[PDB]
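Engineer: This structure is in structure tokens; I'll ask about it shortly.
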């Protein structure tokens, strides 16, 4: 007995490896490589055939992907900070953006949506 807050049938594409991110700080990439096993390897979005812009798509994808992890286990004792939210964001954004550039094509051969 635990319903969801009411997602509208967002779906999940693929799992892909760690994107080639470059922080220029040892402590930053060192936080990433540790928490490499904390963060998701996957991203959640509505279908490309119901979109018309990427900047909206990124915002919603980052929202929902983080939401479905943060505001899921926070209630079990998982509190994080901007450092964590920015680390996961940099991963979730880089995933979901590159994923949209891939998955749109696999969705869309003509649509013009």
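Numbering (PDB author numbering), first residue to last: 119 to 231. The beta carbon of each residue, even a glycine, is placed where N, CA and C say it ideally should be.
#1: Can you tell me whether residue 129 is helix, strand or coil according to DSSP?
#2: Would you call residue 199 buried or exposed, if buried means 16 or more other Cβ atoms sit within 10 Å of its Cβ?
#3: Ordered along the chain, which non-local residues of its own chain (more than five positions away) have a Cβ less than 7 Å from that of residue 208?
#4: Just to check my reading of the structure: residue 137 and residue 216 have Cβ atoms closer than 8 Å, yes? What is that Cβ distance to the nearest angstrom?
#5: For residue 120 and residue 142, I'd like the C-alpha separation in whole angstroms.
Structural biologist: So, from the listed chains and residues:
#1: strand
#2: exposed
#3: 139
#4: 7 Å
#5: 42 Å
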